Amino acid sequence: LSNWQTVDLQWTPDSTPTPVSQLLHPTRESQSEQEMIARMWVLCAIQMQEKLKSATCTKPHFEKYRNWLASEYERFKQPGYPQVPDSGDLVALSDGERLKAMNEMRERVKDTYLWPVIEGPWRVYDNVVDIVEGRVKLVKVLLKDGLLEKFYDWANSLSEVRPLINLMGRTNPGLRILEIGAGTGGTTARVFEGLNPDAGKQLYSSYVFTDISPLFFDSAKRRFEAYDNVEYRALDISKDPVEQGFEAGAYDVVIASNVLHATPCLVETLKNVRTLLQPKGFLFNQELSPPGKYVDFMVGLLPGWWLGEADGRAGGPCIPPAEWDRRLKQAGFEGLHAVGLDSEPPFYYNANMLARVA
Ligand SMILES: Nc1ncnc2c1ncn2[C@@H]1O[C@H](CSCC[C@H](N)C(=O)O)[C@@H](O)[C@H]1O
């Protein structure tokens, strides 16, 4: 990552490169909670094996998940499973003792920020048959009691991105910002804090909150009721934004957290982001590329997790920064500009990437 260690916005003659470590960095050491998470989803995954095998996988991708999960379960019975070196002892527990351990982990994290990342995998285990047999949707399962929003709050909690946002806003106090696939608003919430440093100071002219799904807009209008000059408009970034009613080149910063990898073709997606940006504009792209399989476990029951092979992403939709750099160059960006991980490698979750229009 040594070529992407500084940020130089070049929006005013004032511009001096700033070390990325002051602008995008981890908020804390996170190995304990990451190993708590890994431990939990490994326990659920073990507990799912017999349930999955007797279940009727009603769609091809449910079969892919069952097959994938069976192969990962074989990895638990080998030494040195990443972040779970005692995975073998978890396989060695009785079914009843494993249920006891899973419920102890839920009880431990109740009323903490870690609640969604422990409860989430439990719910996947607890509903898997109803899900693969087409009686309940995964997303509905994860929506209950606000878990999805709190889950994305957890992921965002690992990255400190407010100094970068603050620098952009102090540099351009009329910042025109658009966020792709803002969803529950986990990243929107951090970004506004960087744009609102003090009462009576708003370092942006306009925040366009977008998602492909307008179903998010009511709750996000509640969540961000305190902020002025926010719009809420649908947008599919896999398709031309101008034809969808957006103005080409009318934005200084485009924000995207863990949405771009959900699109079928990253280069076309990045070209659509570039269409929105002014000639000196920036994409700030927060994107998973952890080495472990917690995200595979959590969202593998969705058909979209199995796209990627026609887009050079056979192993799954998430790619590390070197791959983003490649595809940014193919889309008219200067490759990556700066990158900061939400943890010291190799056990990080999100790469926080800034890319400039070429
Ligand atoms: N093609 C597309 N264009 C725009 N948004 C999309 C999209 N495909 C998926 N999305 C949206 O991207 C989001 C991915 S979930 C990622 C976390 C989210 N930013 C949050 O904080 O809630 C979802 O809300 C999804 O509806």
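Residue numbers (the working numbering): 99 to 456. The beta carbon of each residue, even a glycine, is placed where N, CA and C say it ideally should be.
In the structure shown, what three-state DSSP assignment does residue i receive?
i, result
"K235", "coil"
"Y447", "coil"
"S387", "coil"
"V259", "coil"
"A332", "strand"
"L452", "strand"
"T269", "helix"
How long is the line joining the alpha carbons of residue i and residue j, rounded to whole angstroms?
i, j, result
"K319", "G194", "44 Å"
"residue 543", "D423", "In the structure displayed, the chain extends from 99 to 456; residue 543 sits before or after that span and is not available."
"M138", "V189", "12 Å"
"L426", "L434", "7 Å"
"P177", "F395", "20 Å"
"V222", "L212", "16 Å"
"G430", "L107", "17 Å"
"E442", "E205", "29 Å"
Answer with buried or exposed for residue i, where buried requires no fewer than 16 other C-beta atoms within 10 angstroms of its C-beta.
i, result
"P117", "exposed"
"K391", "buried"
"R164", "buried"
"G218", "buried"
"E432", "exposed"
"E258", "buried"
"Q103", "exposed"
"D209", "exposed"
"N448", "buried"
"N383", "buried"
From which residue to which residue does the alpha helix (DSSP H) around residue i run?
i, result
"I135", "129–152"
"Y250", "245–254"
"residue 472", "Nothing about residue 472 can be reported from this structure: the residues present for the chain run from 99 to 456 only."
"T286", "284–293"
Identify the continuous beta strand (DSSP E) that holds residue i and give its terminal residues.
i, result
"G433", "431–439"
For residue i, is the beta carbon positioned less than 8 Å from some heavy atom of ligand 3?
i, result
"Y305", "You won't find ligand 3 in this model; what it holds is ligand 1."
If contact is defined by three or more beta carbon pairs under 8 Å, each pair taking one atom from either stretch, is the stretch 150–170 in contact with the stretch 225–241?
Cβ pair count under 8 Å is three or more, so yes.
Just checking, does the stretch 345–362 make contact with the stretch 269–286 on the three C-beta pairs under 8 Å criterion?
yes
How do the stretch 369–389 and the stretch 331–350 stand: do at least 3 beta-carbon pairs fall below 8 Å, yes or no?
yes
Any 3 or more C-beta pairs closer than 8 Å across the stretch 295–303 and the stretch 260–267:
As far as the Cβ criterion goes, the stretch 295–303 touches the stretch 260–267, which means the pair count is three or higher.
Contact between the stretch 353–369 and the stretch 410–418 is defined here as three or more beta-carbon pairs at a separation below 8 Å; is this criterion met?
yes
Is the number of C-beta pairs between the stretch 327–337 and the stretch 244–261 that are closer than 8 Å three or more?
no
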